[PDB]
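Read through the structure below, which is laid out as structure tokens, and then see the notes.
Methodologically, a virtual Cβ is constructed for each residue, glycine included, from the backbone with ideal geometry; neighbour enumeration extends over all protein chains shown. Derivation of every value follows stated rules applied to the coordinates shown; laboratory data play no part.
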Amino acid sequence: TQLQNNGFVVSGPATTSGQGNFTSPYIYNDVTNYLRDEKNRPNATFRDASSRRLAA
Amino acid sequence: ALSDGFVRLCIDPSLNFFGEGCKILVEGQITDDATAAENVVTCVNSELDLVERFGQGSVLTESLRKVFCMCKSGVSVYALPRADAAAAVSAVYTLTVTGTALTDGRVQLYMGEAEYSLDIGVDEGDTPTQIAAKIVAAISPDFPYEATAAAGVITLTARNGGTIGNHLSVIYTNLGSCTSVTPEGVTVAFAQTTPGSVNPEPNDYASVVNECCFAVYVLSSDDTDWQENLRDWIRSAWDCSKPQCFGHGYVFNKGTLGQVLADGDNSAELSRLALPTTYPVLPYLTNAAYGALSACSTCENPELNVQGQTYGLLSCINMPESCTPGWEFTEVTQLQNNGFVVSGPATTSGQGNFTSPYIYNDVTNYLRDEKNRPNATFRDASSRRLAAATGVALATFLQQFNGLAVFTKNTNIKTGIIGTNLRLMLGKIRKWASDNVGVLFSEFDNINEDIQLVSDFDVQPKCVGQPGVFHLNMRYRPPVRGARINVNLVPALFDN
Amino acid sequence: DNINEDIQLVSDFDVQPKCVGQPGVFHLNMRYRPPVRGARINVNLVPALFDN
Amino acid sequence: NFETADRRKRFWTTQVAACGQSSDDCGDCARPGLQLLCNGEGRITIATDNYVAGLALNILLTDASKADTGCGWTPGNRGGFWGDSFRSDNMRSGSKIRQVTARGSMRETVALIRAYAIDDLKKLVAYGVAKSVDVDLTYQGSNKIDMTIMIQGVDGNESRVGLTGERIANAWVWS
Amino acid sequence: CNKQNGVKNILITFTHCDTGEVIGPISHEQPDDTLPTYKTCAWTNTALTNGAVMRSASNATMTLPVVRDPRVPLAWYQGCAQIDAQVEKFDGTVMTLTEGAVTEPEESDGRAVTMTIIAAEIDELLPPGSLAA
């Protein structure tokens, strides 16, 4: 929770058990490291990575 | 797949087991001989691995043997061995043989469980007690008690320390009037000499079962403090502070009526099994049998009640019937009204002939409620299973709205756009809930009021909500169990 | 896989620059796959001692 | 006498992964065969577990007699087994799941493959080994296909009373 | 705005039968002034003598005239694919349908398509403040 609220990407595995087999991880949230603003006023305009792509 | 063949080439499932999805965890003591590491969940394969992996005649091995005997396939098993306390004391029992055999006969015992019975023939008349007590050479190794075969008396010492070794009552066939293979002039006396002292109190479930889902927890112990810790862990798995790992636990309580009722700490996460003080079967075996039967070996259908003589029959357990029911009917009713589970014989022959037990009511230990109002919302174990099933099913259904455009201010969707608004979302969910009637819900009292959808912009104050967050509130009732009907019988003498 | 994208027709006046193409010449672009002659399937086998 | 009266024994049985698994870039697959069990002083012996699973493998991994075509086949590989002319149950050995042909879209071909699989494993009920069998096949895409086969068994000793059907004969294999 | 009889949104989801392909819910627009019609009671009465009736199975149907989307083949709108539809009127009513099928399709010029759909059950969401449960 702390990492996500601070602009970070957290990945986790698709399955959980003690069998010790192989699994593939997946991304929880696609978020850039954007926080605050040019004037140091918080917002979430560029929180989503898709926002940068749309702006271009 | 070479030098031959055609379309449809084969590749096979190297492993023959695929019934994964439901798991059972068994926790209990072990002995020194066990090679398994303590406080580490491990997968159990079959009966061959036992003994070596968990010691000879250990509490864990006996519980596991019954679990495999009830669930032949369709469920995966797990074990969590635990070590004895630092200063545990092992119980001691004495069984003295007196008199000199003077007629040819046979002596046979019944201790703890039918699997441990024995039958040895007295050699010949005029064999004193010293030549007798050969019973020790016949006692099966798996018996949790060690026989020493002293001079004229045989001593039984528990192989595991703690209070787990304070439960016995022997049924016996000498001094009886059955001269069918009985040696005349031989008698046996049964008494106890030393009780158990100390039980372990592990409190590290968060570390060894961290974020691992288990359908049923089975605990082979009678320590109230140990059971209390297990209940707390289950609450956390059902908590609202994080993704949930739904589960259920099975425990047993033994003693007089006054003692048993004192353990009812209103736990909806446990199904406490009540037994009398003179149960002729070792306690933890029956608890394991009940847990295994209900550990999705039968309950792949969440709404199936494990009761009656057809579904709640613990066939793996055999025991002779005592001269008294054990639980007087006035006491059976009280236990069922206080959230306990009561079991009894499945056939009516109360003589000493072998029978099997079955379960009357599949009821958890739930009473009262948050605040202090009384209700029966989670009275039946099936309710807990159905509640978990509904959550998973509903979560899967809502996945289709993940990443879908949502319009909230202007509700007219343009031509060609792929999106939805609140009303359309509510209608689709309302359709799903109504469709499942008869599978997960009963008839809704008022379907128009029991479902609501509100966007986060309508809950938070101005300029505080987030875009694309909803609050769904639903209320439901599980399928109805039964009904009461008043019958007024009235014969008539007048002809019209 | 997608018949709407695997066939394209373009006149030579759209490939060459101004006043360089020829009248009555086309370019046909196509992609195809021959018939399949194989298949693989998993045969997970579960002999289950009965429990309804 | 002792209640263990059933004297019928069990012979060798083919087992999955008996000879290990053959690995390849596409994936890993088992190599079924016979299993050897060793004692503490040599004296090897053949395993005899999972009778029904062994029977299922034999039925699936064997080419049955091929249908007439009008052009013919070479005498070497007409299919079938020469020992089927002595049995009296009026059936033929093997399976015909490898004789399908690419017809229509892949969805149609897969559906046909399932039909043949059911039509072959149905022989298990006829012999009496199992009381029911069903195969579930799921199509997910071009290269990923799965098929699960469910076989129902019974306990060695009758326990329930009032069955609509019948107690399958040859149940002494209890599976 | 609560007494205006009209249609506000129309969403349709197609599921091709020969390829299992699914196309998300696409908004649609109606071709003319006519409105869709509904029948939600899946039992039909016939008149016997002296006030008695006689039930029969029947189905629940919907007539949905919509304008073809220029990005979807014309075959899908006819009886060559499954349909899931939702219609939201101005007053607030919402009518949902799933696993519907098209019956007896007629020729269409290429833009205006009239679909007759039949389903096991049609659900309705009345505006807030209903009476029946």
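Some points to look at:
- Derived scalar couplings ³J(HN,Hα) [the range C:4-15; Karplus, 6.51 cos²θ - 1.76 cosθ + 1.60; whole Hz; x for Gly, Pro]: 7, 10, 8, 9, 9, 10, 9, 6, 4, 6, 9, 9
- Around the amide H of B:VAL89, modelled in the peptide plane, lie the amide H atoms of B:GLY162, B:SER197, B:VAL198, all under 5 Å away and 5 or more residues distant in sequence or on another chain.
- Other protein chain C-beta atoms within 10 Å of residue C-beta, averaged over B:438-448: 2.
- Once backbone amide H atoms are built at 1.01 Å from N, E:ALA60 has E:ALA119 as its partners under 5 Å, excluding neighbours fewer than 5 places away on the same chain.
- Members of E:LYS3/E:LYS39; B:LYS414/E:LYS39; B:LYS428/D:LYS122; B:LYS66/D:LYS9; B:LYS409/E:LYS3 lying beyond 30 Å, as alpha-carbon distances in this model show: B:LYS428/D:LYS122
- Most positive-pole-ward Cα, E:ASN2, D:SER88, B:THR182, against dipole of the protein assembly as shown from beta carbon charges: E:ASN2
- Principal-axis analysis of the Cα atoms of chain D puts helix D:106-121 at an angle of about 30° to the longest axis.
- Computed about the Cα centre, the dipole magnitude for the protein assembly as shown is approximately 2180 debye when only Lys and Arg (+1) and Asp and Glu (-1) carry charge, each at its Cβ.
- Residue exposure proxy: C:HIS27, B:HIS167, ordered by other Cβ atoms within 10 angstrom of their Cβ from fewest to most, comes out as C:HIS27, B:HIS167.
- For GluC sites (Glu not before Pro), the sites in the range E:25-120 that DSSP calls loop and that have at most 13 other Cβ atoms within 10 Å are E:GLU29, E:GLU106, E:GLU107.
- Filtered chymotrypsin sites (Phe, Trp or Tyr not before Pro), the range A:2-49: DSSP coil and at most 11 other beta carbons within 10 Å: A:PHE22
- Cα centroid of the range B:147-202 to Cα centroid of chain C, whole Å: 81 Å
- Within chain D, DSSP assigns beta bridges of which about 95% are antiparallel (rounded to the nearest 5).
- Note on D:142-150: average number of Cβ atoms from other chains within 10 Å of each residue's Cβ is 5.
- Summarised in one figure, the compactness ratio Rg/Rh of chain E, Cα atoms and Kirkwood Rh, is 1.02.
- Mean ellipticity per residue at 222 nm, deg cm²/dmol - from DSSP H runs of n ≥ 4 across the protein assembly as shown, formula -39500 (n - 2.57): -4500 deg cm²/dmol
- Average projected area [Cα convex hull, the protein assembly as shown], square nanometres: 65.8 nm²
- For chain B, the antiparallel share of DSSP beta bridges with both residues in that region comes to about 60%.
- With Cα atoms defining each centre, the range B:96-113 and the range E:71-131 are spaced 84 Å apart in the structure.
- Amide proton proximity set for B:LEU118, modelled H, under 5 Å, gap of 5+: B:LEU109
- The protein assembly as shown: antiparallel DSSP beta bridges as a percent of all, rounded to 5: 75 percent
- The distance separating the Cα centre of the range B:410-464 from that of the range B:284-340 comes to 43 Å.
- Pair-distance distribution of the range D:96-138: all C-alpha pairs, bin width 5 Å, starting at 0; shares per bin in whole percent are 5, 21, 26, 20, 14, 8, 5, 1.
- Dipole magnitude of chain B, debye to nearest 20 (Cβ charges: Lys/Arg +1, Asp/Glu -1, about Cα centre): 2380 debye
- Peptide B:427-433 has a mean of 5 when you count, residue by residue, the C-beta atoms of other protein chains within 10 Å of its C-beta.
- A dipole drawn for the range B:31-86 from +1 and -1 charges on Cβ atoms has a positive end, and of B:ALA37, B:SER63, B:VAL51 the residue lying farthest that way is B:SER63.
- Surrounding net charge for E:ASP91, when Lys and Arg each add one and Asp and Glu each subtract one, Cβ distance under 15 Å: +2
- Selection of GluC sites (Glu not before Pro), the range B:44-78, meeting DSSP coil and at most 14 other Cβ within 10 Å: B:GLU47, B:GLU52
- Karplus (6.51, -1.76, 1.60) ³J(HN,Hα), θ = phi - 60°, over the range B:241-254, in Hz, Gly and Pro reported as x: 7, 5, x, 9, 10, 4, x, 8, x, 10, 9, 9, 9, 10
- A simple rule links phi to the HN-Hα coupling: the Karplus curve 6.51 cos²θ - 1.76 cosθ + 1.60 with θ = phi - 60°, which for the range B:128-144 gives x, 4, 5, 5, 5, 6, 5, 3, 4, 5, 9, 4, 5, x, 5, 4, x Hz, with x for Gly and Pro.
- Diffusion constant of the range B:260-403 at 10 °C, which comes from Stokes-Einstein with the Kirkwood Cα-pair radius and 1.306 mPa s, µm²/s: 94 µm²/s
- In plain terms, the chain from E:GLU29 to E:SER130 could stretch by 33.5 nm, reckoned as 0.36 nm per residue minus the Cα-Cα distance.
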